Structure formats: C-alpha cells, structure tokens
Amino acid sequence: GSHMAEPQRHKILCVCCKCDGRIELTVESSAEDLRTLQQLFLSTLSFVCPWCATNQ
Ligand SMILES: [Zn+2]
C-alpha cells in the first residue's frame, strides 16, 4: 500500500460539465471549505477540463 491521508490535501472528484470526464479536484482545502465548495458544486457550480476549456 501507501499512505497519503492528510488534512487540506483533498481530492474532490467532479466532472467536466460538458464531456462528463473525470476531474479529480486535487485541492488543499479545510473541512469547511471542502464542505462549502461541496454545497456550491452540489447546487450549481461545475468545472470543465482543460481540453474543453481550450476547445469551447
Ligand atoms: Zn470537459
């Protein structure tokens, strides 16, 4: 195995909102930031992959 389990360093995987491709949002976010941005992405926010961001 390996060991990488630390606070802040959190991998919140969402998607490219236009190709459904997996965006593992590797962030360094405290629990409450992670929670808050969870609610935003659950609500209305979403991201795009750099391929789609370059294409449209
Ligand atoms: Zn995309």
# chains A, B, ... in the order shown; residues from 1 in each chain; ligands from 1

$ residues_around --residues "residue 53 of chain A" --least-positions-apart "5" --cutoff "10 Å" --atoms "only C-alpha atoms" --output "PyMOL selection string"
chain A and resi 16+18+47-48

$ write_last_selection --atoms "N, CA, C and O atoms" --output "mmCIF file, in the first residue's frame"
data_model
loop_
_atom_site.group_PDB
_atom_site.id
_atom_site.type_symbol
_atom_site.label_atom_id
_atom_site.label_comp_id
_atom_site.auth_asym_id
_atom_site.auth_seq_id
_atom_site.Cartn_x
_atom_site.Cartn_y
_atom_site.Cartn_z
ATOM 1 N N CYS A 16 -15.961 17.375 -15.906
ATOM 2 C CA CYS A 16 -16.128 18.349 -16.959
ATOM 3 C C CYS A 16 -17.605 18.374 -17.327
ATOM 4 O O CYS A 16 -18.121 17.429 -17.916
ATOM 5 N N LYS A 18 -19.362 19.412 -19.585
ATOM 6 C CA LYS A 18 -19.731 19.327 -20.991
ATOM 7 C C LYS A 18 -19.247 18.063 -21.711
ATOM 8 O O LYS A 18 -19.785 17.766 -22.773
ATOM 9 N N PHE A 47 -17.198 22.534 -13.272
ATOM 10 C CA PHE A 47 -15.927 22.849 -13.894
ATOM 11 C C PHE A 47 -15.909 22.201 -15.281
ATOM 12 O O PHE A 47 -16.813 21.452 -15.655
ATOM 13 N N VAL A 48 -14.863 22.488 -16.049
ATOM 14 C CA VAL A 48 -14.574 21.936 -17.345
ATOM 15 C C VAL A 48 -13.102 21.523 -17.370
ATOM 16 O O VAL A 48 -12.276 22.136 -16.692
#

$ select_by_dssp --residues "chain A" --states "helix (DSSP H, G or I)" --output "list in words"
residues 31, 32, 33, 34, 35, 36, 37, 38, 39, 40, 41, 42, 43, 50, 51, 52, 53, 54 and 55 of chain A

$ write_last_selection --atoms "C-alpha atoms" --output "CSV table (one decimal), in the first residue's frame"
chain,number,residue,atom,x,y,z
A,31,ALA,CA,-13.1,20.6,6.0
A,32,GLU,CA,-15.4,23.7,6.0
A,33,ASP,CA,-14.0,24.9,2.6
A,34,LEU,CA,-14.4,21.4,1.2
A,35,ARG,CA,-18.0,21.3,2.7
A,36,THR,CA,-18.8,24.8,1.4
A,37,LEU,CA,-17.5,24.2,-2.2
A,38,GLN,CA,-19.3,20.8,-2.0
A,39,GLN,CA,-22.6,22.7,-1.5
A,40,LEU,CA,-21.7,25.0,-4.4
A,41,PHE,CA,-20.9,22.1,-6.8
A,42,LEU,CA,-24.0,20.2,-5.5
A,43,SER,CA,-26.1,23.4,-6.1
A,50,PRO,CA,-8.5,22.0,-20.0
A,51,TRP,CA,-9.3,20.2,-23.3
A,52,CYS,CA,-12.9,21.5,-23.3
A,53,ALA,CA,-11.7,24.9,-21.9
A,54,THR,CA,-9.3,25.2,-24.9
A,55,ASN,CA,-11.9,23.9,-27.5

$ closest_residue --among "A:4, A:25, A:14, A:19" --to "residue 46 of chain A" --atoms "only C-alpha atoms"
A:14

$ closest_residue --among "A:49, A:12, A:5, A:27" --to "ligand 1" --atoms "only C-alpha atoms and all ligand atoms"
A:49

$ select_by_dssp --residues "segment 8-54 of chain A" --states "strand (DSSP E or B)" --output "JSON, numbers by chain"
{"A": [9, 10, 11, 12, 13, 14, 15, 16, 22, 23, 24, 25, 26, 27, 28, 47]}

$ write_last_selection --atoms "N, CA and C atoms" --output "PDB file, in the first residue's frame"
ATOM      1  N   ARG A   9      -5.042  18.628   1.893  1.00  0.00           N
ATOM      2  CA  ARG A   9      -4.804  17.870   0.659  1.00  0.00           C
ATOM      3  C   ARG A   9      -5.926  16.861   0.373  1.00  0.00           C
ATOM      4  N   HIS A  10      -6.962  17.290  -0.346  1.00  0.00           N
ATOM      5  CA  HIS A  10      -8.211  16.563  -0.514  1.00  0.00           C
ATOM      6  C   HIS A  10      -8.533  16.479  -2.005  1.00  0.00           C
ATOM      7  N   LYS A  11      -8.899  15.283  -2.471  1.00  0.00           N
ATOM      8  CA  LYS A  11      -9.218  15.009  -3.866  1.00  0.00           C
ATOM      9  C   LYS A  11     -10.731  14.884  -4.023  1.00  0.00           C
ATOM     10  N   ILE A  12     -11.391  15.982  -4.395  1.00  0.00           N
ATOM     11  CA  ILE A  12     -12.839  16.036  -4.562  1.00  0.00           C
ATOM     12  C   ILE A  12     -13.104  15.824  -6.047  1.00  0.00           C
ATOM     13  N   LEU A  13     -13.451  14.615  -6.483  1.00  0.00           N
ATOM     14  CA  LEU A  13     -13.663  14.387  -7.888  1.00  0.00           C
ATOM     15  C   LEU A  13     -15.075  14.774  -8.316  1.00  0.00           C
ATOM     16  N   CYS A  14     -15.117  15.656  -9.311  1.00  0.00           N
ATOM     17  CA  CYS A  14     -16.292  16.101 -10.044  1.00  0.00           C
ATOM     18  C   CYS A  14     -16.082  15.761 -11.534  1.00  0.00           C
ATOM     19  N   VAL A  15     -16.727  16.475 -12.461  1.00  0.00           N
ATOM     20  CA  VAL A  15     -16.615  16.212 -13.892  1.00  0.00           C
ATOM     21  C   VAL A  15     -16.477  17.508 -14.683  1.00  0.00           C
ATOM     22  N   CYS A  16     -15.961  17.375 -15.906  1.00  0.00           N
ATOM     23  CA  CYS A  16     -16.128  18.349 -16.959  1.00  0.00           C
ATOM     24  C   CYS A  16     -17.605  18.374 -17.327  1.00  0.00           C
ATOM     25  N   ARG A  22     -13.720  12.923 -15.957  1.00  0.00           N
ATOM     26  CA  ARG A  22     -13.443  12.937 -14.559  1.00  0.00           C
ATOM     27  C   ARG A  22     -12.427  14.004 -14.230  1.00  0.00           C
ATOM     28  N   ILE A  23     -12.845  14.953 -13.393  1.00  0.00           N
ATOM     29  CA  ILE A  23     -11.941  15.912 -12.812  1.00  0.00           C
ATOM     30  C   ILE A  23     -11.814  15.570 -11.337  1.00  0.00           C
ATOM     31  N   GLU A  24     -10.732  14.893 -10.974  1.00  0.00           N
ATOM     32  CA  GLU A  24     -10.288  14.798  -9.597  1.00  0.00           C
ATOM     33  C   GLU A  24      -9.729  16.160  -9.152  1.00  0.00           C
ATOM     34  N   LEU A  25     -10.560  16.971  -8.467  1.00  0.00           N
ATOM     35  CA  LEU A  25     -10.161  18.268  -7.926  1.00  0.00           C
ATOM     36  C   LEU A  25      -9.231  18.003  -6.737  1.00  0.00           C
ATOM     37  N   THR A  26      -7.951  17.771  -7.026  1.00  0.00           N
ATOM     38  CA  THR A  26      -6.900  17.747  -6.021  1.00  0.00           C
ATOM     39  C   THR A  26      -6.714  19.182  -5.538  1.00  0.00           C
ATOM     40  N   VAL A  27      -7.259  19.488  -4.362  1.00  0.00           N
ATOM     41  CA  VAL A  27      -7.150  20.785  -3.710  1.00  0.00           C
ATOM     42  C   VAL A  27      -6.435  20.600  -2.371  1.00  0.00           C
ATOM     43  N   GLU A  28      -6.117  21.706  -1.701  1.00  0.00           N
ATOM     44  CA  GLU A  28      -5.727  21.713  -0.303  1.00  0.00           C
ATOM     45  C   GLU A  28      -6.744  22.610   0.396  1.00  0.00           C
ATOM     46  N   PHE A  47     -17.198  22.534 -13.272  1.00  0.00           N
ATOM     47  CA  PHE A  47     -15.927  22.849 -13.894  1.00  0.00           C
ATOM     48  C   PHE A  47     -15.909  22.201 -15.281  1.00  0.00           C
TER      49      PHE A  47
END

$ closest_residue --among "A:29, A:56, A:1, A:21" --to "ligand 1" --atoms "only C-alpha atoms and all ligand atoms"
A:21

$ decode --residues "segment 40-52 of chain A" --atoms "N, CA and C atoms" --output "CSV table (one decimal), in the first residue's frame"
chain,number,residue,atom,x,y,z
A,40,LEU,N,-21.7,24.3,-3.2
A,40,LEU,CA,-21.7,25.0,-4.4
A,40,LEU,C,-21.8,24.1,-5.6
A,41,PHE,N,-20.9,23.1,-5.7
A,41,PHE,CA,-20.9,22.1,-6.8
A,41,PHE,C,-22.1,21.2,-6.8
A,42,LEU,N,-22.7,20.9,-5.6
A,42,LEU,CA,-24.0,20.2,-5.5
A,42,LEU,C,-25.1,21.1,-6.0
A,43,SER,N,-25.1,22.4,-5.7
A,43,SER,CA,-26.1,23.4,-6.1
A,43,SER,C,-26.1,23.7,-7.6
A,44,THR,N,-25.0,24.3,-8.1
A,44,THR,CA,-25.0,25.0,-9.3
A,44,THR,C,-23.6,25.1,-10.0
A,45,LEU,N,-22.5,25.2,-9.2
A,45,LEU,CA,-21.2,25.3,-9.7
A,45,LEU,C,-20.8,24.0,-10.4
A,46,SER,N,-20.0,24.0,-11.5
A,46,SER,CA,-19.3,22.9,-12.1
A,46,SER,C,-18.1,23.4,-12.8
A,47,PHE,N,-17.2,22.5,-13.3
A,47,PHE,CA,-15.9,22.8,-13.9
A,47,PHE,C,-15.9,22.2,-15.3
A,48,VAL,N,-14.9,22.5,-16.0
A,48,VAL,CA,-14.6,21.9,-17.3
A,48,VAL,C,-13.1,21.5,-17.4
A,49,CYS,N,-12.8,20.5,-18.1
A,49,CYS,CA,-11.4,20.0,-18.3
A,49,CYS,C,-10.7,21.0,-19.2
A,50,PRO,N,-9.3,21.0,-19.2
A,50,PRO,CA,-8.5,22.0,-20.0
A,50,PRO,C,-8.7,21.8,-21.5
A,51,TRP,N,-8.9,20.5,-21.9
A,51,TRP,CA,-9.3,20.2,-23.3
A,51,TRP,C,-10.5,21.0,-23.7
A,52,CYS,N,-11.6,20.8,-23.0
A,52,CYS,CA,-12.9,21.5,-23.3
A,52,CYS,C,-12.6,23.0,-23.1
